[PDB]
Every structure is written in structure tokens, then in C-alpha cells.
Amino acid sequence: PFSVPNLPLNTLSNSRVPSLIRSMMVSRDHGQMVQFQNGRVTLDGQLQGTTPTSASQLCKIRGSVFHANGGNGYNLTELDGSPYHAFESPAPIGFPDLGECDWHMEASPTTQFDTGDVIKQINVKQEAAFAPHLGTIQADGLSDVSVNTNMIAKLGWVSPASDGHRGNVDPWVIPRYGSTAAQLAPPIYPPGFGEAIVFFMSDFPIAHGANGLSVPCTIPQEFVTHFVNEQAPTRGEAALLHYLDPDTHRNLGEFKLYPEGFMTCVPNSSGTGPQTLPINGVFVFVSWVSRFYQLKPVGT
Amino acid sequence: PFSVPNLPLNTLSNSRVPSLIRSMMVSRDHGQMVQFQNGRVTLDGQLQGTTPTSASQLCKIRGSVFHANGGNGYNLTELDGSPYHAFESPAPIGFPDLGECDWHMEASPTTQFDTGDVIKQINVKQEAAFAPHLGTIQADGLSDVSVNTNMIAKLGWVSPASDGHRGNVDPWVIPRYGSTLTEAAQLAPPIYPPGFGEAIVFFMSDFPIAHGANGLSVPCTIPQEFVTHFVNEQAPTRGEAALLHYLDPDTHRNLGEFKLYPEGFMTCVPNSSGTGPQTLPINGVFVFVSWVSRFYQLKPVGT
Ligand SMILES: OC[C@H]1O[C@H](O[C@@H]2[C@@H](O)[C@H](O)O[C@H](CO)[C@@H]2O)[C@H](O)[C@@H](O)[C@H]1O
């Protein structure tokens with residue numbers, strides 16, 4: 001039988017950045033289509049895009065340093081050191097999906113070292129030499145690292161594109177994985193009947209973010225892990241959820257979780273919808289309903 | 001009904017550092033006693049020490065910058081910004097438990113910013129002014145940050161203690177959480193091997209460690225996703241130990257027997273050499289078999 005975690009949202013992680021859920025929101029400006037590659041999972045527990053099981057795999061890169069004429073960078077592997085297979089994902093699992101911005105990362109050797117001198121602040125730009133699908137990315141800060149040095153890089157902060165084609169960091173945009181083409185997790189659309197996609201918002205270090213520090217995702221990481229663990233057969237077109245008060249277990253709103261692993265509500269006329277709900281509530285599965293089951297409006 | 005995650009180990013996180021499980025081991029040198037404060041949970045889902053629900057809360061510090069008595073640091077809060085209550089727990093939830101080393105962290109404001117110039121490389125030393133239990137730590141790299149600037153710091157790497165009292169980083173050692181007596185601090189209790197040839201199973205992950213006693217390796221007593229699972233399930237503990245099989249999901253073979261105790265740690269009986277689970281593959285899955293007595297004798301594991 002299908003279930004969602006009985007865990008308060010404010011204790012759970014974003015599925016695109018390793019950061020606690022701070023709020024829920026709907027977006028009129030950005031909610032018409034998203035194609036996030038992290039936080040992508042079916043309700044019967046099939047991982048999609050670059051989505052890992054663990055939050056500890058999120059926004060990390062592993063590779064061997066290459067030195068090329070007018071570029072240095074990484075020949076990419078999976079985080080565990082094993083080969084990257086194109087038949088599995090558009091990039092190695094846990095690869096960041098924050099498109100069209102600079103990635104400021106801390107890179108360390110995957111071999112035992114004595115001193116912090118071998119730890120490098122690197123900058124990955126999304127320009128011509130950004131080709132994760134082809135297994136190669138260019139990175140600044142590697143000029144003094146020996147060729148074939150194996151390193152793990154962890155995303156620290158993001159800033160506007162070095163080439164200046166954008167003024168801000170747009171956390172709704174995914175990368176262009178590179179091609180000469182990647183099998184992306186499919187686009188998510190609001191399915192009609194006044195329904196808006198629910199976004200789980202977390203703060204991440206972003207210089208000039210369109211929404212300041214806020215990064216949206218379509219499902220908490222611990223929900224991803226739960227579905228992968230349970231492998232519950234999908235026995236309906238949508239799973240009806242209640243968002244409960246953690247003290248009283250009283251119903252604060254109705255939500256539909258679709259087989260494609262994203263969630264919707266109908267926001268109240270006023271505007272905000274789930275944004276006015278408290279963030280220490282718990283989702284509970286009620287029953288399977290049709291994809292045209294009409295939800296009561298949520299919020300003020 | 002009690003269960004453990006049906007997920008391969010190599011896809012799961014260490015519960016002390018946010019890093020994938022690379023191997024299992026028993027420890028002759030360190031396995032007689034551990035008192036890790038992260039990865040601490042009962043089988044019926046009670047969090048202990050500083051253990052968070054989420055791997056994303058691990059090895060993070062949140063606080064407001066102070067300048068006092070020629071030393072700079074943080075008045076600590078919980079990671080969600082809510083107040084840290086002193087004299088109640090060893091430290092805020094997710095606070096690192098890597099004792100007697102320097103913590104090199106990246107600190108960023110919890111308020112929107114325009115430039116990366118506000119992002120600071122800080123060093124937290126475990127010296128006289130390291131008092132997380134009292135809700136205060138000192139850090140190098142904060143002299144140029146305005147008083148009351150609210151920041152989250154994320155652990156990047158650790159190195160030997162600046163004061164030189166130790167030559168390497170020992171990842172088996174927990175912090176001294178103030179000038180308070182360890183007995184008066186509200187620590188998750190010590191874990192002992194329970195007898196009958198049983199050794200504590202340690203889940204090993206690589207973390208960026210300069211001059212580590214075990215190189216990059218950090219041990220923990222349970223995968224983070226196991227912690228979350230027990231907190232979610234709240235399964236009543238109906239036995240003295242939970243018997244597990246470690247299965248190869250590809251070959252359909254039982255690779256070894258393990259006992260998971262109510263205190264949330266796992267044991268095996270290692271072979272004569274004492275290498276035990278270290279030779280097992282890391283892509284296996286644990287499954288709950290049944291509740292057994294503390295005297296239930298396990299088949300030896302390894303080579
Ligand atoms: O050995 C203690 C200490 O080592 C590093 O500090 C050294 C410093 O002692 C030396 O004089 O200069 C180098 C070059 O930058 C380092 O700053 C670590 O930084 C420190 O955390 C501690 O591990």
C-alpha cells in the first residue's frame with residue numbers, strides 16, 4: 001500500500017539543493033512548465049534525471065583533472081568513482097541542475113592528503129566547454145593541479161553567468177547538458193482544473209538570485225527515498241493527500257500527488273495558497289482518485 | 001511492524017558526514033567504545049544526541065556573529081533559525097561531532113546578498129571558547145563581518161588541531177561540548193560491543209580530512225536513511241535484538257547475519273582474522289528477519 005513520509009516538512013531537505021524546506025509556494029510566473037533533473041521520481045519508486053537516493057549525493061561532481069589548450073576541467077565519473085553511463089542519466093547522479101549560472105565549488109582529492117593546500121576553490125561556468133552528458137566540464141582554479149588528479153567538488157554558492165548574458169541567477173532554469181542528446185526527465189505541466197504545481201522552497205547561497213536565496217523543487221528528498229524504498233504499485237491516476245497540523249492531526253489543505261512524482265493544489269482566489277500554511281505540518285495519503293478529482297482551494 | 005530500508009548501502013549516506021557509504025568494517029583499535037552524537041537513534045524512532053532527520057542538516061552550524069573580548073564567533077541557533085536551548089542538549093541539531101580537530105567551514109548570510117564577498121572561509125578550533133552546549137563558539141575569519149550578521153556555516157574539510165595537542169585527525173573522537181563536565185552534558189550514551197563474539201559494525205565514508213588517522217575515512221554506527229526510516233515508522237521494539245540478513249539483490253544470496261540492537265547500533269561475528277564485513281560488497285541490502293534474544297548466536301561473517 002502507498003504512503004508518504006509521516007515527517008514534518010521543516011525537518012526534510014530540498015531535492016535540488018542540500019538545504020531544509022523553509023516554505024511551500026505556487027508560481028504564476030514559473031509554474032507553467034519545469035524540467036528539474038533532481039527531485040525526479042515516480043510514486044512506484046523509479047528515479048529519473050540525475051536524482052539520487054541520498055541528499056548526500058546532491059550538488060556534487062567527481063572527475064579526473066585534464067589540462068587542455070585554453071581550458072582545464074574534469075573527465076567526469078559517478079560520485080562513487082564508477083563510470084558515467086549515458087543510458088542511466090543526462091549527467092552523473094547528483095550533478096547540480098541550477099542552469100545558466102557560475103558554480104563556485106570546493107574540490108578535494110579522493111586520495112588521502114596531509115595539508116589543505118590540495119583543496120581548491122573552483123568555478124564551473126555554463127559556456128561552450130560545459131558538456132556533462134559527454135563527460136567533460138571546464139573549471140577555473142585547476143591550473144596548479146596535476147593531470148589525472150581525481151577530485152570531488154561540492155557546490156558552495158552560485159552567481160550570475162561570467163559571460164554576463166544574464167543579470168541574476170534564475171533557480172527555475174536547468175542546464176544545457178551538452179550534445180553533438182541527453183535523455184532528460186520529462187517536463188512537468190500543471191494538469192488543469194485550477195491546479196498549480198506545489199514548489200518546496202529552500203535557501204541556498206545565491207549571489208543575485210531572482211528569488212534571493214530561494215530554490216524551488218517539486219518533492220522533498222526524503223519523499224524520493226521513501227518511494228524508492230516502498231516500491232508501492234501506483235493504483236490510481238492521482239494520490240489525494242491531506243496536509244495535517246502536527247499537534248492536532250487536523251486537515252489544513254488537500255493536495256494531489258501525480259504518478260510523475262509532482263504535487264498540486266488549487267490556490268484560493270486571494271493568491272498565495274500553500275505559502276500561508278505552517279511548514280511543520282505532515283502529508284498523509286488519503287486514497288487514490290481520478291486525475292480530474294476537484295480539490296478544495298487551499299490558503300488565504 | 002519493524003523494518004529497515006530495502007536500499008543498497010552504496011546509495012546511502014554516513015550519519016556523521018554527508019557522504020555515501022564506501023564500506024563496512026569492525027575495529028580492533030576503536031570498537032571497544034564509541035559515543036558518536038550524530039547517527040544516534042532507537043529502533044522505535046527516538047532521535048538522540050544532535051542527530052537530525054535529514055542528511056542536509058549534518059555538519060552545519062547557524063548563529064549570529066558576536067565580537068567580544070577580542071574574539072569573534074556565533075551565538076548559536078537551530079539550523080531553521082529557531083532558538084537553541086542551552087543546558088538541554090550537547091549542541092544544536094546537526095552540529096558536527098568530529099572531536100579534537102579544526103573545522104574549515106564556508107559561512108554565508110541567511111539574508112539575500114548580491115556578491116560572493118559576504119561568503120567567508122572560517123576556522124572553528126576546539127579550544128577554550130568552544131562551548132556549543134552553552135550556545136557559543138569562536139571562529140577565525142569573522143573579524144570583517146558586522147555584529148549580529150546571521151550565517152549558516154557548512155563543514156568543507158577538517159585538519160589537525162591548531163594548538164598541536166594532536167598530530168592527526170582521529171575521526172573516532174567526539175568533541176568536548178563545553179567546560180562543563182562530560183557527565184553534566186546531555187550526551188547520547190556510550191555504545192559497547194554486547195559480548196558473544198559480537199563486534200560493532202561501522203559504516204565508512206570518505207570526507208576531506210588533512211592528515212586523517214584513517215586517511216579520508218569517517219565511521220558511523222547506522223546509515224542516515226536508516227535514522228529517517230525509524231523516525232518515520234515508530235515501530236515498537238518487540239525484542240532484545242533485530243536479526244538482519246545482508247542480501248545480494250543481483251545474485252539472490254544471503255551474504256551474512258547481523259544483529260541491530262534497540263540502541264540503534266549493529267553487530268556481526270567477525271571471522272578468525274577479524275576483517276569480517278570489510279570483505280563484503282557494498283551494493284547489498286539489509287532485510288529484517290525477526291526479533292531474537294540478545295543470546296542469539298550469529299554465523300561468522302567474512303572471507
Ligand atoms: O597544524 C595546525 C594547523 O595547520 C594549518 O595551519 C597552518 C599554519 O600553522 C601554518 O603556519 O601555515 C599554513 C599555511 O596556510 C596553515 O595556515 C591549518 O590551517 C590549521 O587548521 C591547523 O590544522
# chains A, B, ... in the order shown; residues from 1 in each chain; ligands from 1
$ interface_residues --of "chain B" --to "chain A" --cutoff "6 Å" --atoms "only C-alpha atoms" --output "PyMOL selection string"
chain B and resi 6+12-13+18-19+54+56+112-115+210-211+215-216+232
$ residues_near_ligand --ligand "ligand 1" --cutoff "8 Å" --atoms "only C-alpha atoms and all ligand atoms" --output "compact mmCIF listing (two decimals) with N, CA and C atoms, in the first residue's frame"
# COMPACT_ATOMS: atom_id res chain seq x y z
N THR A 115 47.68 18.17 3.91
CA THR A 115 47.57 19.64 4.03
C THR A 115 46.36 20.13 3.23
N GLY A 116 45.79 21.27 3.62
CA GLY A 116 44.67 21.93 2.93
C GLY A 116 45.09 22.61 1.63
N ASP A 117 46.39 22.63 1.30
CA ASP A 117 46.94 23.27 0.07
C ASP A 117 46.36 22.58 -1.18
N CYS B 101 39.76 18.51 16.35
CA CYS B 101 40.31 18.92 15.04
C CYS B 101 39.78 20.32 14.70
N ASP B 102 40.39 20.96 13.71
CA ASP B 102 39.94 22.26 13.16
C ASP B 102 38.82 21.98 12.15
N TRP B 103 37.74 22.75 12.22
CA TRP B 103 36.62 22.72 11.25
C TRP B 103 36.76 23.91 10.29
N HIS B 104 37.17 23.64 9.05
CA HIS B 104 37.21 24.62 7.94
C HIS B 104 35.83 24.63 7.29
N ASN B 123 37.38 29.15 10.33
CA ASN B 123 38.05 28.02 11.02
C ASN B 123 37.52 27.99 12.45
N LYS B 125 38.05 26.18 15.86
CA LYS B 125 39.00 25.38 16.67
C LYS B 125 38.27 24.92 17.93
N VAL B 158 38.39 19.11 7.45
CA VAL B 158 38.95 19.15 8.83
C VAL B 158 40.45 18.86 8.75
N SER B 159 41.20 19.41 9.71
CA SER B 159 42.68 19.33 9.78
C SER B 159 43.09 19.19 11.24
N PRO B 160 44.35 18.79 11.53
CA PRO B 160 44.80 18.63 12.91
C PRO B 160 44.64 19.92 13.74
N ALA B 161 44.36 19.76 15.04
CA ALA B 161 44.12 20.87 15.99
C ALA B 161 45.23 21.92 15.87
N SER B 162 44.86 23.20 15.72
CA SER B 162 45.78 24.36 15.60
C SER B 162 46.75 24.42 16.79
N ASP B 163 46.32 23.99 17.98
CA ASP B 163 47.11 24.08 19.24
C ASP B 163 48.17 22.97 19.28
N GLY B 164 48.11 22.00 18.36
CA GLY B 164 49.15 20.97 18.15
C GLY B 164 49.11 19.86 19.18
N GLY B 167 48.64 15.27 16.44
CA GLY B 167 49.34 15.37 15.15
C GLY B 167 48.43 15.05 13.97
N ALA B 210 42.56 16.46 6.19
CA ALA B 210 44.03 16.65 6.15
C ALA B 210 44.65 15.85 7.29
$ closest_residue --among "A:260, A:246, A:155, A:180" --to "residue 106 of chain B" --atoms "only C-alpha atoms"
A:155
$ closest_residue --among "A:279, A:33, A:232, A:263" --to "residue 187 of chain A" --atoms "only C-alpha atoms"
A:33
$ atom_distance --atom1 "atom CA of residue 27 of chain A" --atom2 "atom CA of residue 186 of chain A"
19.2 Å
$ residues_around --residues "segment 161-167 of chain A" --least-positions-apart "3" --cutoff "8 Å" --atoms "only C-alpha atoms" --output "list in words"
residues 100, 101, 102, 125, 126 and 208 of chain A
$ residues_around --residues "residue 48 of chain B" --least-positions-apart "5" --cutoff "6 Å" --atoms "only C-alpha atoms" --output "short mmCIF file (atom, residue, chain, number, x, y, z; two decimals) with N, CA, C and O atoms, in the first residue's frame"
data_model
loop_
_atom_site.label_atom_id
_atom_site.label_comp_id
_atom_site.auth_asym_id
_atom_site.auth_seq_id
_atom_site.Cartn_x
_atom_site.Cartn_y
_atom_site.Cartn_z
N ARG B 40 22.58 8.74 15.94
CA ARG B 40 22.10 8.15 17.21
C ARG B 40 20.57 8.18 17.23
O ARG B 40 19.99 9.27 17.16
N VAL B 41 19.97 7.00 17.32
CA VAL B 41 18.50 6.79 17.17
C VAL B 41 18.17 5.43 17.78
O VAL B 41 19.00 4.51 17.66
N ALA B 188 24.21 11.54 24.06
CA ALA B 188 23.84 10.17 23.66
C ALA B 188 24.79 9.21 24.37
O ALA B 188 26.00 9.47 24.40
#
$ residues_around --residues "residue 238 of chain B" --least-positions-apart "2" --cutoff "8 Å" --atoms "only C-alpha atoms" --output "ChimeraX atom specification"
/B:236,240,291
$ select_by_dssp --residues "segment 29-154 of chain B" --states "helix (DSSP H, G or I)" --output "PyMOL selection string"
chain B and resi 55-57+116-118+132-134
$ atom_distance --atom1 "atom CA of residue 215 of chain A" --atom2 "atom CA of residue 122 of chain A"
21.8 Å
$ select_by_dssp --residues "segment 17-260 of chain B" --states "strand (DSSP E or B)" --output "MDAnalysis selection string"
chainID B and resid 20 23:25 34 41 47 60:68 71:77 83 102:109 113 120:124 131 136:138 140 150:159 169 191 199:200 202:206 209:210 212 217:220 241:248 253:260
$ residues_around --residues "residue 300 of chain B" --least-positions-apart "3" --cutoff "6 Å" --atoms "only C-alpha atoms" --output "list in words"
residues 269, 270 and 271 of chain B
$ closest_residue --among "B:141, B:190, B:94, B:239" --to "residue 67 of chain B" --atoms "only C-alpha atoms"
B:141
$ residues_around --residues "residue 233 of chain B" --least-positions-apart "5" --cutoff "10 Å" --atoms "only C-alpha atoms" --output "PDB file with N, CA, C and O atoms, in the first residue's frame"
ATOM      1  N   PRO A   5       6.003  10.000   3.622  1.00  0.00           N
ATOM      2  CA  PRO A   5       6.599  10.113   4.950  1.00  0.00           C
ATOM      3  C   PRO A   5       5.699  10.858   5.945  1.00  0.00           C
ATOM      4  O   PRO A   5       5.153  11.893   5.601  1.00  0.00           O
ATOM      5  N   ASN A   6       5.566  10.300   7.146  1.00  0.00           N
ATOM      6  CA  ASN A   6       4.899  10.920   8.319  1.00  0.00           C
ATOM      7  C   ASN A   6       5.941  11.760   9.071  1.00  0.00           C
ATOM      8  O   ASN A   6       6.181  11.482  10.258  1.00  0.00           O
ATOM      9  N   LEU A   7       6.561  12.722   8.383  1.00  0.00           N
ATOM     10  CA  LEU A   7       7.668  13.564   8.909  1.00  0.00           C
ATOM     11  C   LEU A   7       7.341  15.022   8.620  1.00  0.00           C
ATOM     12  O   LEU A   7       6.906  15.352   7.518  1.00  0.00           O
TER      13      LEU A   7
ATOM     14  N   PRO B   1       4.823  -2.836  12.322  1.00  0.00           N
ATOM     15  CA  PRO B   1       5.859  -3.875  12.125  1.00  0.00           C
ATOM     16  C   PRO B   1       7.222  -3.253  11.787  1.00  0.00           C
ATOM     17  O   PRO B   1       7.273  -2.363  10.936  1.00  0.00           O
ATOM     18  N   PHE B   2       8.282  -3.700  12.469  1.00  0.00           N
ATOM     19  CA  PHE B   2       9.655  -3.160  12.306  1.00  0.00           C
ATOM     20  C   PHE B   2      10.194  -3.563  10.932  1.00  0.00           C
ATOM     21  O   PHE B   2       9.904  -4.669  10.457  1.00  0.00           O
ATOM     22  N   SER B   3      10.952  -2.667  10.299  1.00  0.00           N
ATOM     23  CA  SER B   3      11.688  -2.926   9.035  1.00  0.00           C
ATOM     24  C   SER B   3      12.907  -2.014   8.971  1.00  0.00           C
ATOM     25  O   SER B   3      12.953  -1.034   9.736  1.00  0.00           O
ATOM     26  N   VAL B   4      13.859  -2.347   8.103  1.00  0.00           N
ATOM     27  CA  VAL B   4      14.995  -1.461   7.726  1.00  0.00           C
ATOM     28  C   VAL B   4      14.822  -1.131   6.249  1.00  0.00           C
ATOM     29  O   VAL B   4      14.115  -1.845   5.543  1.00  0.00           O
ATOM     30  N   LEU B  43      15.475   2.031  17.728  1.00  0.00           N
ATOM     31  CA  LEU B  43      14.765   1.289  16.651  1.00  0.00           C
ATOM     32  C   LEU B  43      13.291   1.705  16.601  1.00  0.00           C
ATOM     33  O   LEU B  43      12.663   1.461  15.558  1.00  0.00           O
ATOM     34  N   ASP B  44      12.767   2.323  17.666  1.00  0.00           N
ATOM     35  CA  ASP B  44      11.359   2.818  17.709  1.00  0.00           C
ATOM     36  C   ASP B  44      11.307   4.310  17.353  1.00  0.00           C
ATOM     37  O   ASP B  44      10.217   4.897  17.473  1.00  0.00           O
ATOM     38  N   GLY B  45      12.432   4.896  16.924  1.00  0.00           N
ATOM     39  CA  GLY B  45      12.461   6.173  16.182  1.00  0.00           C
ATOM     40  C   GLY B  45      12.618   7.398  17.063  1.00  0.00           C
ATOM     41  O   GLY B  45      12.112   8.448  16.654  1.00  0.00           O
ATOM     42  N   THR B 228      16.212   8.089   9.463  1.00  0.00           N
ATOM     43  CA  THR B 228      14.954   8.702   8.955  1.00  0.00           C
ATOM     44  C   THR B 228      13.847   7.641   8.955  1.00  0.00           C
ATOM     45  O   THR B 228      12.740   7.943   9.418  1.00  0.00           O
TER      46      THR B 228
END
$ atom_distance --atom1 "atom CA of residue 277 of chain A" --atom2 "atom CA of residue 188 of chain A"
23.7 Å
$ closest_residue --among "A:241, A:267, A:256, A:169" --to "residue 282 of chain A" --atoms "only C-alpha atoms"
A:241
$ closest_residue --among "A:191, A:94, A:236, A:259" --to "residue 50 of chain A" --atoms "only C-alpha atoms"
A:94
$ closest_residue --among "A:91, A:239, A:137, A:289" --to "residue 37 of chain A" --atoms "only C-alpha atoms"
A:91
